[PDB]
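Quick heads-up: it's one chain on its own, the form solved without L-ornithine, in structure tokens.
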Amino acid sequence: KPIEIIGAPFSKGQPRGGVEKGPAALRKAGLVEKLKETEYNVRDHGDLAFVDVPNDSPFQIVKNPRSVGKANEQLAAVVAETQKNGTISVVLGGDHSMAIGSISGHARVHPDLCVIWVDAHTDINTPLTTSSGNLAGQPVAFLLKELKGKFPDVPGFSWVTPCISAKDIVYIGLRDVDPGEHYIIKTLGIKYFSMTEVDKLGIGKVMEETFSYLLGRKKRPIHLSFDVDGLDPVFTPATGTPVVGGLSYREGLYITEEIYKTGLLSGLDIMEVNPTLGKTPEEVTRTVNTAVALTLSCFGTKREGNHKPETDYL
């Protein structure tokens, strides 16, 4: 199977500049090269260039709506394209607002996909519930069918079509949810495993359940949207919204190895890696290295080791 890396150096989804440097930092670590060493074929599509919408006035509270909507429309296009050719899309972010485009484009080709959202945040605020206008805190609101018409249309997102329902998504690692967001996920009956469920069950049982929940009936394409702040600030410090008590490096890796084992990984997002937020060069190195480690993991790298088939090492 093929892999196509797509860089999304975008940061208008939030107020801290830096996330646009995420792709550069990930490639600089040898991500693409390290991927070619796996059993997959890799093609690097390079970084999309996002056209900045001049005079992007704030829609009520929402900041940079048009710039965000446009960059996402463009990304959804690219993704739909590579997904059309039967290749696996890997978006390297900027901020989590690019999940809108990433998942939209993917759904066009695989309408029956399910989404595994690894984050410390639900990112489901609607333009009416956000305390800040930041759109990287709203990605899921624009994608849920059940949320259609529950908030005013936003300048630049008219092209978006709610592709997935509350029954197709599972959250893992929640630990920082707004009152609004909590109301929403409780009301819509969305399946989630907050850090408290992970503590109670263990990452093992958590994955076993999300799989029987999303794939119990029909086997379908899996879209993994991974926010790096889903792991504890001790593993991924260089992010815009670090929340203490998060997933461990081991847990993160366990998640990615299980998803690889399902053979259903179709799309992947590596978001929120911000190089400029590291307090020491080492903190940036730590964050990038584990981001790379989680990606290689999605594509076969196991902790028990790997050996090329048909080669007799003796």
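We number the residues from 1 along the sequence you see.
Quick note: we don't show the form deposited with L-ornithine bound, though the next part is all about it.
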Kindly confirm or deny that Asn64, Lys70 and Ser158 each have some heavy atom within 4.5 angstroms of L-ornithine in the deposited complex. no
Non-hydrogen atom contact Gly137 with L-ornithine in the deposited complex at 4.5 angstroms: yes
Look up in the deposited complex whether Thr87 has a non-hydrogen atom within 4.5 angstroms of L-ornithine, and give yes or no. no
Does the 4.5 Å heavy atom contact test between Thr210 and L-ornithine in the deposited complex come out positive? no
I'd like to know if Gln74 sits close to L-ornithine in the deposited complex, meaning any non-hydrogen atom pair within 4.5 angstroms. no
Considering non-hydrogen atoms and a 4.5 Å limit, which listed residue (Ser165, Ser132, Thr196, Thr187) is close to L-ornithine in the deposited complex? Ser132
Thinking of L-ornithine in the deposited complex, which stretch from 216-224, 116-124, 197-205, 150-158 has heavy atoms inside 4.5 Å of it? 116-124
So which residues in 259-285, when you check L-ornithine in the deposited complex, have a heavy atom no farther than 4.5 Å from it? none
